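Asks: Provided herewith is a single structure, encoded as C-alpha cells, for subsequent inquiry.
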Amino acid sequence: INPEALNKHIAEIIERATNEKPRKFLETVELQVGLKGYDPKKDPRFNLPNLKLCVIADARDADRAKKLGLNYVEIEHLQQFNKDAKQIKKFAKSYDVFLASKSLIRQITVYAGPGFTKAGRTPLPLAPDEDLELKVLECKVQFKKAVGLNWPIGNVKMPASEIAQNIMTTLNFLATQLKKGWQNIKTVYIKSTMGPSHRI
Amino acid sequence: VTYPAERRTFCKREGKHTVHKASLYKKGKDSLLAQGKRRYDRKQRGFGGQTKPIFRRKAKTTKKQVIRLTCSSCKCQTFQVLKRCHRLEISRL
Amino acid sequence: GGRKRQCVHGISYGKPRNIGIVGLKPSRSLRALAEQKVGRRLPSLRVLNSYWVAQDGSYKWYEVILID
Amino acid sequence: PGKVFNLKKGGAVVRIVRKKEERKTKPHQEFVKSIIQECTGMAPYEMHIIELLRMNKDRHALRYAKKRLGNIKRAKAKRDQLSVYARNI
RNA sequence: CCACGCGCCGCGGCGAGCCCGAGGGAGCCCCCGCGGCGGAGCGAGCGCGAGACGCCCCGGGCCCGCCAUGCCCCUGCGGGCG
RNA sequence: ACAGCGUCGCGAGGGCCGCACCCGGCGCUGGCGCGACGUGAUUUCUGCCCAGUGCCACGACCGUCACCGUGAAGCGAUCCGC
RNA sequence: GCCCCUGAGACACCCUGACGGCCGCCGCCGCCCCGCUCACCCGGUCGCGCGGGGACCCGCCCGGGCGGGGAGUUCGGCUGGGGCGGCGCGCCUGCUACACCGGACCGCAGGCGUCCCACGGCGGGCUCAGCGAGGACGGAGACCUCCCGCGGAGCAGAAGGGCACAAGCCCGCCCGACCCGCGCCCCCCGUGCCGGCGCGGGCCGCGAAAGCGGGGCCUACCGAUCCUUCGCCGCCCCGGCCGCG
RNA sequence: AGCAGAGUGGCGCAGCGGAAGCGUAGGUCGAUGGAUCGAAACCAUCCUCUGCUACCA
C-alpha cells in the first residue's frame with residue numbers, strides 16, 4: 001500500500017488532468033473501495049464522520065459570511081420554498097454544503113424542516129458568536145446497501161501526501177466498521193476526475 | 001404477559017438504580033467441549049447402546065421466562081424470572 | 001482386517017455391552033500374529049524377531065528370524 | 001502450584017550442567033541423504049506441499065502437512081524444508 | 001462362626017505424644033525397629049491461620065478461616081485496625 | 001397333507017439359503033427350471049375399493065438426508081459454508 | 001452537456017460496484033465417460049494345438065440407511081380379590097369432624113398447573129350495588145338528576161374469610177414484579193420443598209410529610225443430585241510463562 | 001431441536017418491488033416490525049402448517 005507511487009501518479013496528473021478544476025488539485029480525488037464478504041441482508045451499514053455551499057443566518061454570522069463571500073441568505077425564502085416543492089429541492093441540489101443559524105433554528109425545524117429532510121441535506125445551524133468558516137473546514141464513511149463505496153478523498157489543492165493521509169484515515173475506520181476489516185476490502189483504485197484508475 | 005422495553009433496576013457495577021433494556025434469555029447451543037459432553041460421548045462410544053437416561057414424560061406446558069435486563073450505562077446484565085406463562089411479549093421502544 | 005467374534009448365527013447372548021461381532025479390533029498386532037503363526041508351523045526352532053517386508057490391500061507380509 | 005514456596009531457595013551450590021551442544025545433524029548423514037534424494041526424489045505429499053508453496057498458498061500447505069504428518073512442529077518444519085526447493089526454483 | 005470395615009462402650013499401658021510394621025539381630029514369649037495416627041483449623045481454590053475468660057457441664061463473650069464492608073498505611077487487588 | 005388352481009422372484013456376473021472365517025446347499029440344475037408363498041379335486045363362479053398400511057419402479061431426484069472431499073476464517077485445537 | 005428538465009435515482013466528461021450473459025485462460029478444484037493390460041477376477045482343457053472380463057468388481061477400513069431375522073430388558077401405584085374405569089398419585093376452600101390442636105373414607109359441594117408492566121407500587125380524590133321519586137325523543141331497558149343508601153357492589157379465576165374519606169373506583173407519577181446477608185412459621189422425623197412472614201444493610205419509587213412498597217386482600221397456582229446453558233467477580237490448570245480453551 | 005417450503009377475493013390459486021387477478025360482488029395477501037420512491041413479495045420476529053431428519057433437559 002505504498003503511498004508514493006499513487007501520490008506521484010496524482011502529481012503527474014497535475015499536468016495530465018487539466019479540466020475546469022474549480023478550486024481543485026487539477027481534479028477532485030475519488031476512491032472506489034471494492035468490498036468482498038458484503039451482503040445486503042447482513043447489516044454492516046454505518047453512516048459516520050471545493051463543493052458549493054450555502055449559509056442562512058441572522059446578524060454577525062451573515063456579516064462574517066459576507067466578508068468571506070460564502071453564501072449568506074435569510075428565512076424569507078422559506079415561504080416561497082413552501083409554495084414550490086421543486087424550489088426546496090433546487091436550493092438543496094445547488095449547494096452541496098448546507099449551513100443555518102442556531103438563533104433561527106425554530107424556523108429551520110418547521111419552515112425548512114420537511115423539504116430539506118426529504119431531500120436528505122440538513123443545514124448545519126451556526127449561531128452569530130460561532131465561526132462558520134471553521135465549521136466549513138470540518139466539511140464521509142457510509143456503507144448503505146452498496147458493496148462499491150465511493151467518497152471524494154479531497155477536492156482540496158493540498159499536497160498529495162496530505163491527501164494520502166486522508167485516504168489512510170478512512171481505510172482504518174472502514175476496517176473498524178467492517179466484520180473482517182481490511183480482509184473485507186478487495187481492490188481499491190485512485191483516479192483523477194477524468195484520470196485512469198490506479199490500484200492502491 | 002407483556003414486559004416493558006426498559007425497567008429501572010439496580011446495576012451492581014454502578015451500585016445505583018439505572019435504566020435497563022429488556023430482552024428474552026435463550027439457552028445457548030451445547031458445547032461439545034464440556035465436562036459432561038466429553039464424558040457422555042466417551043460413554044456412548046462403543047457397543048452397549050444408550051448408557052444415559054432419556055426423559056420422555058414431559059408434563060410442564062409452560063417454561064419460566066428470564067428477561068435479560070442490560071443497563072445502558074454500566075453494561076450490567078440482570079435476569080428477572082417471570083411466573084410460568086404461555087405467551088410473553090416485550091413492548092417495543 | 002478387524003476381529004470378527006466366533007459366535008454361531010452371529011449372536012452373542014448376554015448383557016448388551018458384550019454384543020458386537022464384526023466391529024472388534026485384534027488385541028495383538030499383525031506382526032505378533034505372524035510370529036505366532038510360524039511358531040506353530042516350526043515348533044522346534046526358536047523365534048528371534050520379525051520385520052515388515054511388504055503390504056497389500058488384503059494381506060500384510062512379515063519376515064521372521066528363527067534360530068535352530 | 002507445583003513448586004514449594006521458599007524465598008531463599010538455594011542453600012547448596014548447584015552443578016546444573018547439561019554440558020551438551022544441540023545434537024549435531026552430522027555431515028555424513030547429510031551426505032547419505034543427498035545420494036538417496038537423487039535416487040528417490042520426493043514423496044507425493046511433499047510434491048503437493050511444494051505446489052501449494054510455489055503458488056502463494058502457505059496456510060493451505062501447513063494444513064495439508066498437519067493432516068499428512070499429524071504434528072505442527074513436523075508440519076511447519078516440512079513446509080520450511082520443501083520451501084527451499086520451490087524458493088531455489 | 002470367622003475375616004474385614006465402621007460406630008459406640010468398658011478396661012490395660014503410656015502421654016502431646018503413641019505404636020510386637022516390614023524386617024534385622026546365633027536370635028525362639030527376648031532386644032531393636034519407619035511410615036502412620038494424634039498434636040490446627042477453615043476455605044472450591046488462591047491460600048490464610050486460633051488465647052479471654054472457664055473444677056466440670058452448658059450458655060454467653062471473644063479469636064481463626066470463609067463471605068462482605070469501612071478506614072489507615074509500610075515493602076502495596078499488599079499489610080494493619082475495626 | 002394332497003392333485004388342481006393362482007400369485008411372486010430369478011438369464012447365472014443371477015436368485016434364494018447356509019456361514020467366525022475359509023467358504024458351502026439348491027445345482028450331475030437352468031425358466032415344461034429352481035426358490036418363495038396363498039388357496040385346496042371337480043362343477044359353477046370369484047363383484048367393488050390403491051383411502052390406510054405393505055410392495056414396486058435403469059419413475060424422477062424436489063426437499064431433507066452421511067462420511068469423505070472442498071472453500072473461507074483462525075495461533076492452532078477448531079468453526080462455519082459447499 | 002450544463003443553469004435547465006424537475007425525477008426514487010440528473011443522462012457533457014471519467015473511473016468503478018453489483019447482476020446476468022458470452023469467449024478465453026490456469027504446474028487450480030470437483031465430476032463424468034472411453035480405452036488398454038500389466039495387477040485382479042472367472043470359464044475351458046488331460047494346460048492337444050483356448051477364451052470372457054479388467055482398473056471395474058471383490059476384499060478391507062470409515063460413513064449413512066434397511067433390519068423382531070434375531071438378542072438383552074421393561075411393561076407403575078391406589079383399589080371392600082383383581083380387571084374395567086377413575087385418581088385423597090402434588091396442591092387448595094367450605095364441609096362430614098364430635099367448639100384448643102390432631103383425626104380415616106374409590107365420603108360430599110367444588111377448584112389448581114393459569115391470567116395481568118397492569119389486574120403492580122404509592123399518594124390524592126371519590127363511593128358502590130341499588131331502592132324510591134323525577135327529566136324531548138326513550139319504551140322493561142341506556143342518559144341525566146337528587147335523596148336514602150353496613151355494603152345487599154367490586155376486588156382475574158374454587159370456596160371461605162377480609163375490606164368503605166378502602167383493600168372497591170378514578171386520576172397522577174412510577175417500577176420494590178430491585179440488590180446483599182440472615183432468621184421464623186405451615187407440612188414436619190419436627191428433614192426437604194412450595195407458600196407466606198419478620199429483619200439487618202444497600203439502592204430506589206410515591207407522598208407536603210408521617211409513612212408504605214421484595215407484586216396482584218388472605219388461604220391454591222409448582223420441582224432434588226448429576227448434566228447443560230447463562231450472568232457476576234475472582235481463583236486453578238500442579239516445572240514455568242503468554243494467548244486460546 | 002435443525003433444514004427446507006407454504007399460508008392471497010366466498011372458496012381455491014397465480015402474481016419474482018411498480019394491475020392484486022384468474023379459475024370457480026368478492027383482499028388483516030397468517031399477522032407484526034423494519035426496508036424502500038413504493039414489498040403479497042426483500043428482510044427479521046412470531047402464530048401456524050407440511051416434508052425430512054435429530055435426541056444424557
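Each chain of the C-alpha cells is named A, B, ... in the order shown, its residues numbered from 1; ligands are numbered from 1 in display order.
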Find the spatial neighbours of stretch 91-95 of chain G, counting only C-alpha atoms (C1' of nucleotides), within a cut-off of 6 Å - ignore same-chain residues fewer than 4 positions away - and output them as a PyMOL selection string.

Replies: chain G and resi 159-160+220

Asks: Those same residues, written as a PDB file, in the first residue's frame with C-alpha atoms (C1' of nucleotides)?

Replies:
ATOM      1  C1'   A G 159     -64.789 -21.800  48.145  1.00  0.00           C
ATOM      2  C1'   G G 160     -64.459 -19.479  52.807  1.00  0.00           C
ATOM      3  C1'   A G 220     -54.036 -22.868  45.772  1.00  0.00           C
TER       4        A G 220
END

Asks: Hey, what's within 10 Å of stretch 3-18 of chain E if we count only C-alpha atoms (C1' of nucleotides) and toss same-chain stuff fewer than 5 positions away? As an MDAnalysis selection string, please?

Replies: chainID E and resid 37:39

Asks: Restricting the output to N, CA, C and O atoms (P, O5', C5', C4', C3', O3' and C1' of nucleotides), write the selected residues as a PDB file, in the first residue's frame.

Replies:
ATOM      1  P     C E  37      -2.157 -40.376  58.717  1.00  0.00           P
ATOM      2  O5'   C E  37      -3.083 -40.388  60.010  1.00  0.00           O
ATOM      3  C5'   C E  37      -3.818 -41.565  60.384  1.00  0.00           C
ATOM      4  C4'   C E  37      -3.856 -41.687  61.886  1.00  0.00           C
ATOM      5  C3'   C E  37      -3.946 -40.379  62.649  1.00  0.00           C
ATOM      6  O3'   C E  37      -5.213 -39.721  62.617  1.00  0.00           O
ATOM      7  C1'   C E  37      -2.322 -41.733  63.666  1.00  0.00           C
ATOM      8  P     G E  38      -5.325 -38.108  62.438  1.00  0.00           P
ATOM      9  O5'   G E  38      -4.963 -37.519  63.888  1.00  0.00           O
ATOM     10  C5'   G E  38      -5.798 -37.897  65.004  1.00  0.00           C
ATOM     11  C4'   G E  38      -5.090 -37.534  66.281  1.00  0.00           C
ATOM     12  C3'   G E  38      -4.620 -36.083  66.395  1.00  0.00           C
ATOM     13  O3'   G E  38      -5.634 -35.189  66.830  1.00  0.00           O
ATOM     14  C1'   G E  38      -2.901 -37.545  67.104  1.00  0.00           C
ATOM     15  P     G E  39      -5.697 -33.714  66.231  1.00  0.00           P
ATOM     16  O5'   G E  39      -4.484 -32.930  66.951  1.00  0.00           O
ATOM     17  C5'   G E  39      -4.511 -32.719  68.384  1.00  0.00           C
ATOM     18  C4'   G E  39      -3.124 -32.350  68.849  1.00  0.00           C
ATOM     19  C3'   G E  39      -2.492 -31.130  68.176  1.00  0.00           C
ATOM     20  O3'   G E  39      -2.980 -29.866  68.622  1.00  0.00           O
ATOM     21  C1'   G E  39      -0.963 -32.880  68.095  1.00  0.00           C
TER      22        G E  39
END

Asks: Return as a ChimeraX atom specification the residues belonging to chain B that are within 12 Å of chain C, counting only C-alpha atoms.

Replies: /B:43-51

Asks: Could you please select, counting only C-alpha atoms (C1' of nucleotides), the residues of chain B within 7 Å of chain G and state them as a PDB file with C-alpha atoms, in the first residue's frame?

Replies:
ATOM      1  CA  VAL B   1     -47.760 -11.248  29.773  1.00  0.00           C
ATOM      2  CA  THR B   2     -46.111  -8.022  28.492  1.00  0.00           C
ATOM      3  CA  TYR B   3     -42.737  -6.852  29.875  1.00  0.00           C
ATOM      4  CA  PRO B   4     -41.651  -3.218  29.353  1.00  0.00           C
ATOM      5  CA  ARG B   7     -37.212  -1.063  33.565  1.00  0.00           C
ATOM      6  CA  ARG B   8     -35.184   0.998  36.067  1.00  0.00           C
ATOM      7  CA  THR B   9     -33.444  -1.583  38.308  1.00  0.00           C
ATOM      8  CA  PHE B  10     -30.251  -1.764  40.476  1.00  0.00           C
ATOM      9  CA  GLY B  15     -24.307   0.230  42.721  1.00  0.00           C
ATOM     10  CA  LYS B  16     -27.260   2.512  41.840  1.00  0.00           C
ATOM     11  CA  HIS B  17     -30.725   2.099  40.218  1.00  0.00           C
ATOM     12  CA  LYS B  27     -30.385 -21.278  26.269  1.00  0.00           C
ATOM     13  CA  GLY B  28     -27.205 -21.347  24.108  1.00  0.00           C
ATOM     14  CA  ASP B  30     -24.485 -27.105  23.734  1.00  0.00           C
ATOM     15  CA  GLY B  36     -20.404 -33.751  30.747  1.00  0.00           C
ATOM     16  CA  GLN B  77     -26.786  -7.836  32.958  1.00  0.00           C
TER      17      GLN B  77
END

Asks: Quick one: pick out all strand (DSSP E or B) residues within stretch 1-89 of chain B from a backbone DSSP run and write them as a list in words.

Replies: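 Residues of stretch 1-89 of chain B classed as strand (DSSP E or B): residues 2, 3, 6, 7, 8, 9, 10, 11, 16, 17, 18, 19, 20, 21, 24, 66, 67, 68, 69, 70, 71, 77, 78, 79, 80, 81 and 89 of chain B.
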
Asks: Closest to residue E:34 among E:46, E:19, E:68, E:56, using only C-alpha atoms (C1' of nucleotides)?

Replies: E:19

Asks: Using only C-alpha atoms (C1' of nucleotides) and a cut-off of 10 Å, which residues of chain F sit close to chain C? Please list them as a list in words.

Replies: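 Using only C-alpha atoms (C1' of nucleotides), chain F residues at most 10 Å from chain C: residues 19, 20 and 21 of chain F.
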
Asks: Write out as an NGL selection string each polymer residue whose atoms come within 12 Å of residue D:47, counting only C-alpha atoms (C1' of nucleotides); drop sequence neighbours fewer than 2 positions from it.

Replies: (:D and (41-45 or 49-54 or 61 or 64-65 or 78-79 or 81-83 or 85-86)) or (:G and (27))

Asks: With a distance cut-off of 12 Å and only C-alpha atoms (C1' of nucleotides), select the neighbouring residues of residue E:32, excluding the residue or stretch itself and same-chain residues fewer than 4 positions from it, and output the selection as a list in words.

Replies: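 Skipping anything fewer than 4 positions along the chain leaves residues 20, 23, 24, 25 and 27 of chain E.
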
Asks: Would you mind exporting the chosen residues as a PDB file, in the first residue's frame, restricted to C-alpha atoms (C1' of nucleotides)?

Replies:
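File written: part_24.pdb
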ATOM      1  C1'   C E  20       5.108 -56.781  68.639  1.00  0.00           C
ATOM      2  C1'   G E  23      12.439 -56.574  58.813  1.00  0.00           C
ATOM      3  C1'   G E  24      17.135 -57.275  61.366  1.00  0.00           C
ATOM      4  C1'   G E  25      19.713 -59.499  65.492  1.00  0.00           C
ATOM      5  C1'   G E  27      18.136 -64.785  67.609  1.00  0.00           C
TER       6        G E  27
END

Asks: Taking only C-alpha atoms (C1' of nucleotides) into account, report as a ChimeraX atom specification which residues of chain G lie within 9 Å of chain D.

Replies: /G:27,236,238-239

Asks: Okay, now the selection with N, CA and C atoms (P, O5', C5', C4', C3', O3' and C1' of nucleotides), as a PDB file, in the first residue's frame?

Replies:
ATOM      1  P     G G  27      -0.475 -23.238 -14.830  1.00  0.00           P
ATOM      2  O5'   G G  27      -1.169 -24.659 -14.525  1.00  0.00           O
ATOM      3  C5'   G G  27      -0.621 -25.861 -15.117  1.00  0.00           C
ATOM      4  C4'   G G  27       0.036 -26.667 -14.026  1.00  0.00           C
ATOM      5  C3'   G G  27      -0.352 -26.271 -12.593  1.00  0.00           C
ATOM      6  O3'   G G  27      -1.169 -27.258 -11.974  1.00  0.00           O
ATOM      7  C1'   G G  27       2.041 -26.518 -12.840  1.00  0.00           C
ATOM      8  P     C G 236      -4.309 -18.768  41.187  1.00  0.00           P
ATOM      9  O5'   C G 236      -4.620 -20.229  40.637  1.00  0.00           O
ATOM     10  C5'   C G 236      -4.543 -21.359  41.518  1.00  0.00           C
ATOM     11  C4'   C G 236      -5.175 -22.573  40.892  1.00  0.00           C
ATOM     12  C3'   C G 236      -4.554 -23.018  39.583  1.00  0.00           C
ATOM     13  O3'   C G 236      -3.292 -23.681  39.717  1.00  0.00           O
ATOM     14  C1'   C G 236      -6.897 -23.001  39.355  1.00  0.00           C
ATOM     15  P     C G 238      -0.032 -27.030  35.078  1.00  0.00           P
ATOM     16  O5'   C G 238       0.411 -26.761  36.584  1.00  0.00           O
ATOM     17  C5'   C G 238       1.764 -26.971  37.027  1.00  0.00           C
ATOM     18  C4'   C G 238       1.765 -27.809  38.282  1.00  0.00           C
ATOM     19  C3'   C G 238       1.733 -29.315  38.058  1.00  0.00           C
ATOM     20  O3'   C G 238       3.044 -29.855  38.149  1.00  0.00           O
ATOM     21  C1'   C G 238       0.174 -28.641  39.766  1.00  0.00           C
ATOM     22  P     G G 239       3.906 -30.312  36.836  1.00  0.00           P
ATOM     23  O5'   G G 239       5.255 -29.452  36.953  1.00  0.00           O
ATOM     24  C5'   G G 239       5.795 -29.193  38.269  1.00  0.00           C
ATOM     25  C4'   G G 239       6.862 -28.134  38.160  1.00  0.00           C
ATOM     26  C3'   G G 239       6.389 -26.740  37.739  1.00  0.00           C
ATOM     27  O3'   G G 239       5.898 -26.018  38.860  1.00  0.00           O
ATOM     28  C1'   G G 239       8.272 -27.373  36.447  1.00  0.00           C
TER      29        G G 239
END

Asks: Please report the interatomic distance between atom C1' of residue G:167 and atom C1' of residue G:217 in Å with one decimal.

Replies: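 Interatomic distance, atom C1' of residue G:167 to atom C1' of residue G:217: 5.6 Å.
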
Asks: Define the interface residues of chain D facing chain F as those within 12 Å, counting only C-alpha atoms (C1' of nucleotides), and report them as JSON, numbers by chain.

Replies: {"D": [59, 60, 62, 63, 66, 71, 72, 73]}

Asks: Fewer than 6 positions away in the same chain doesn't count, so skip those; otherwise give me all residues within 10 Å of stretch 83-94 of chain A, counting only C-alpha atoms (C1' of nucleotides), as number ranges by chain.

Replies: A: 51-54, 77, 112, 114-116, 118-123; G: 3, 6

Asks: Store the residues of this selection in a file with C-alpha atoms (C1' of nucleotides), as a PDB file, in the first residue's frame.

Replies:
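Output contents, as saved in result15.pdb:
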ATOM      1  CA  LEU A  51     -18.092  21.781  -3.296  1.00  0.00           C
ATOM      2  CA  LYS A  52     -20.500  24.790  -3.405  1.00  0.00           C
ATOM      3  CA  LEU A  53     -22.093  25.811  -0.035  1.00  0.00           C
ATOM      4  CA  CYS A  54     -24.940  27.928   1.493  1.00  0.00           C
ATOM      5  CA  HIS A  77     -37.227  32.441   1.034  1.00  0.00           C
ATOM      6  CA  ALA A 112     -37.390  24.274   6.276  1.00  0.00           C
ATOM      7  CA  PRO A 114     -39.840  18.911   5.855  1.00  0.00           C
ATOM      8  CA  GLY A 115     -38.384  19.618   2.381  1.00  0.00           C
ATOM      9  CA  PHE A 116     -34.681  19.560   3.462  1.00  0.00           C
ATOM     10  CA  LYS A 118     -36.974  14.708   2.440  1.00  0.00           C
ATOM     11  CA  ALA A 119     -34.009  15.945   0.291  1.00  0.00           C
ATOM     12  CA  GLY A 120     -31.647  14.408   2.906  1.00  0.00           C
ATOM     13  CA  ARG A 121     -29.415  17.537   3.093  1.00  0.00           C
ATOM     14  CA  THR A 122     -29.657  19.308   6.506  1.00  0.00           C
ATOM     15  CA  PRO A 123     -28.413  22.941   7.063  1.00  0.00           C
TER      16      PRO A 123
ATOM     17  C1'   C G   3     -28.428  26.630 -15.002  1.00  0.00           C
ATOM     18  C1'   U G   6     -37.907  18.526 -12.322  1.00  0.00           C
TER      19        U G   6
END

Asks: Residues of chain A within 10 Å of chain H, counting only C-alpha atoms (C1' of nucleotides) - could you list those as a PDB file with C-alpha atoms, in the first residue's frame?

Replies:
ATOM      1  CA  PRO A  40     -27.436  -6.534   1.725  1.00  0.00           C
ATOM      2  CA  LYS A  41     -29.487  -8.519   4.333  1.00  0.00           C
ATOM      3  CA  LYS A  42     -26.340  -8.605   6.546  1.00  0.00           C
TER       4      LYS A  42
END
